Each structure stands twice: as structure tokens, then as C-alpha cells.
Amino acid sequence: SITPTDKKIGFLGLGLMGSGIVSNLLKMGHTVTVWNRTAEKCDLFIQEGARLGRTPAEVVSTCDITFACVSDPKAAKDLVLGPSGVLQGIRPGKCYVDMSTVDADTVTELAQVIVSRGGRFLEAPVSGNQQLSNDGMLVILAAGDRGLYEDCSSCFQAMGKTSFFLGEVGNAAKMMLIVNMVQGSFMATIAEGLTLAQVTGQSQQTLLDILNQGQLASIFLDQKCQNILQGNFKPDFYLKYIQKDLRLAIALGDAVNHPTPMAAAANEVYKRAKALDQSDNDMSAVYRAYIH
């Protein structure tokens, strides 16, 4: 039972992940000011005891540590550099923790401008999904200002199962991209396997039973198969997110001349899925890219 920090916490982006994080931060006794581009999404947290912030700039100005959890590099950059953005609220004292999954260049550029105005910066992307976020069981990958990482102890314990500190700014982005590349590629392979079973007159259910008896058995494999078997593609992690992470993972490899053919093939299947309107369903809807 860790006791919560005195520090006034701000939170920007009440999305699929952010929403669960904030809940758990409030459950565990933190003082939190929330903001979201769409005001309506804040209502449920105001009810759980959050303060409603008017802009990112003002949230940062009011709070000691501000977390942000948005979708893209484009969104992360806009949140910081746009009008009434984070940067406008930064002064010596203020700390910003970016939990968005972006590329290392984005995180480096953002850390630089923030530090240039007297701020402190930590990247802390998260590995998990809506359910894990709601349950407060995310795996947190952090890099940057070590002191700030230690200040976020109670926060990371509320939102998370465990936390890794990976050194200098850039490293958490690089690792998160690799973790998600593995996840996204495996999902493509699972969907390829289930649809091959279907089409060759084999039982998908029996394929899953066999796989669960083997060495490859995992919570992920079982859960994503069950989704497909039930026809349930309600998003636990958005397909568009995983395709983004694959795209960026491939770019990381490009940057160091390292072929990533498995990721490259996965990416093209996910692009097909997006062309078939699956962007806002679960990543498991890549299954629809294989359907005849």
C-alpha cells in the first residue's frame, strides 16, 4: 500500500489507455487535473474527483508532473507545440512525462524543447491494452530524467504492474517499438493460421486447443483467438495503433540498415485491414485482411 505523492498531477489525453491510467491514479489517492481535446470525455473522471483543466498549457502551469498519452507522433508534437500547448506552460520546475508511443526522433525533439525552457522530461510509454490499463496492470518503459522517474513512483505503482528504466531519452521509444513489432507480427501470423485452418476444413477451435497444449501457449494467443472465434473485435488495442508501431519499427530498422522482413510483411497485411475499414477495431481484426 504505497502512499501517494503530494505533487499535483496533470493528465492529458483520456483515450483507450489514458482513461484507465487516470482512474487508477484517482483510486490510489492522487490529486489529478485532466484534459482532453474532446471535453465530454472528462466528465466521468470529474465525478471520480479529478479537476477539469481548460488547456494543456494551463494544466502544466498548475501541476508539478504532467502525463500525456496521445496517439501519434503528429499528435504528441501538436500537443506540445500547438497553441495553448504544453510548451507554453513549461517553466523551471515543471515536469512532463510523455506516455505516447512515438519514434525516438520525436521524443528527442520534444525533450529538447521542453528542457530548453527549464522543464524536465521523461518518456514512459506503456505496454498493455485497455483492460490492463483499467486494471492498473500496465508494463511501463521509461527513459530520460532519472529523478523524475523516482518522483513518479506512486503514479507508476497505481497505473502499473511493473516499470523499467532504460536510460537516456530515446531508449524507451526504441524498446516499445520492438515489443509492439513482435506483438503485431505475431497477431498477423495467428490470423494467417486461423484463416488457413478455416479454409482447409479444419476447426479453428481445435487449432486453439492444440496451441494451448503446446509451448506457445500465452494469455495473448488465447485471448486474441477467442476474439476471432466469437467474432468480437471490440478494441482492446486499436488496429491503427499497431500498424503505426509496425511502420515506426520498420523505420527504426531502416535507420540502422537492418532488414525487418517479418515486420514489413505484417505491415502490408495491416494496411489491407485499414483499407477494409478496421482501423478502430481491435488489432485482432487483421483477421479480416485474410478473409476470402
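Note that residue numbering begins at 1 and tracks the sequence as displayed.
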Q: Using only the Cα atoms and their B-factors as the entry lists them, report which of 86 to 94 and 181 to 189 averages higher.
A: 86 to 94
Q | Mean C-alpha B-factor comparison - 219 to 227 and 260 to 268, higher one | A | 219 to 227
**Q.** CA B-factor placement of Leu196, once the chain's modelled residues are sorted into thirds
**A.** lowest
Q.
Ranking every modelled residue in this chain by its Cα temperature factor as given in the entry, which third contains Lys240?
A. lowest
Q) According to the PDB entry, is the CA B factor of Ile2 in the bottom, middle or top third of its chain, that is, lowest, middle or highest? A) highest
Q) By its CA B factor, does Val286 count among the lowest, middle or highest third of the modelled residues in the chain? A) lowest
Q: Would you mind checking where the Cα B-factor of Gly53 ranks among the modelled residues of its chain, as the lowest, middle or highest third?
A: highest
